[PDB]
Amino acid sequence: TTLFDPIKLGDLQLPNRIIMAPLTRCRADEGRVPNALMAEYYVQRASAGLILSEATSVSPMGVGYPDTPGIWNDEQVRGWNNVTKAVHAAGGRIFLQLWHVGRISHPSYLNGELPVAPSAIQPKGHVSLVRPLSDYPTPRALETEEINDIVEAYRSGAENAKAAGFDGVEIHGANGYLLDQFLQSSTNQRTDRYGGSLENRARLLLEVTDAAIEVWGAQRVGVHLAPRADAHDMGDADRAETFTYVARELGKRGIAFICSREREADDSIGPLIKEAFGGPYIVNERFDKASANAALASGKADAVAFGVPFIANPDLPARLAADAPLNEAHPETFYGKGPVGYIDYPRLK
């Protein structure tokens, strides 16, 4: 098996195993509404086996960056519908990544309110993009009932994604955002049904997953994880146990895939997760053509997601097939505004 062999995820046939990783780019219109610029960008990348969209918030309290899109209202659904129609006409496939940033936010995005979280534990560091430099606030610990409200927002978010014509949704369970905050022991000190045991810590992620399953069918839902717990001040007392529990439970549900941001190293627990899950496993982080093909050949992966290389290379699959040069990425325009560093990376000549 190579990157260029087709794969099915659930009942969706992909033409290859080169996946576009989810990538926040902050190019949405005011009101967090997807636009024609975003449609153009995704269409340029439609040769990807599957596109995983930029993280998209399921409620106004789940945002923490400027100009990132939402999926909670009709205006946003309409904007996304133009994206998915254009991707589909271009012969591509796309899933919406459902987001809630939890404590990784700033009151300036939340009309002065505090970011919410499983527990009132301040994340270290500075808020990305915010100027002048600012620490994160200490978040407000959610009430038990408010967590059910969040589940309902993911449910409505998944329904809205379906109305917007996506091929499926991916739950953002990774990178220290809300669901990950609940999942891990350092950030979750709750003593209700949502903390204080592994079953309880994983509960919110599985409840959101089940809601998405009611709307889509499990074979059109994926989940994103970050098993090294290395972004946004995370940490868990037994991550081998925590992430394989999740993998096992998601596998029981027959979900379409798990995608893990976890570069290859001796301590990679990807193989334990893959085995416990039993379905298609998408690896990610610092892979290139050679190491991706090696992972497919060894059975460590069923497909491989590329992030920065897809930012810089709209026709990454053709470039990889041809062992062609790759455009150099410009991290200074990963975020920010407009078409420069967004839709102006050239295709192969």
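Note that residue numbering begins at 1 and tracks the sequence as displayed.
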>> Which is higher on mean Cα B factor in this entry, 133-141 or 71-79?
In response: 133-141
> Looking at the deposited entry, does 142-150 or 274-282 carry the larger mean Cα B-factor?
Replying inline: 142-150
>> Highest Cα temperature factor in the entry, among the options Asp167, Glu170, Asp230, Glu249: which one is it?
In response: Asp230
> Taking the Cα B-factors listed in the entry, which of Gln181, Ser156, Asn175, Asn111 comes out highest?
Replying inline: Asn111
> Once the chain's modelled residues are ordered by C-alpha B factor and cut into thirds, is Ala36 in the lowest, middle or highest one?
Replying inline: highest
> Which third of the chain does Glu264 land in by C-alpha B-factor: lowest, middle or highest?
Replying inline: middle
> Once the chain's modelled residues are ordered by C-alpha B factor and cut into thirds, is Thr84 in the lowest, middle or highest one?
Replying inline: lowest
>> Considering every modelled residue of the chain and its Cα B-factor in the PDB entry, is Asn293 in the lowest, middle or highest third?
In response: highest
> In terms of the CA temperature factor given in the entry, to which third of its chain does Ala329 belong: lowest, middle or highest?
Replying inline: highest
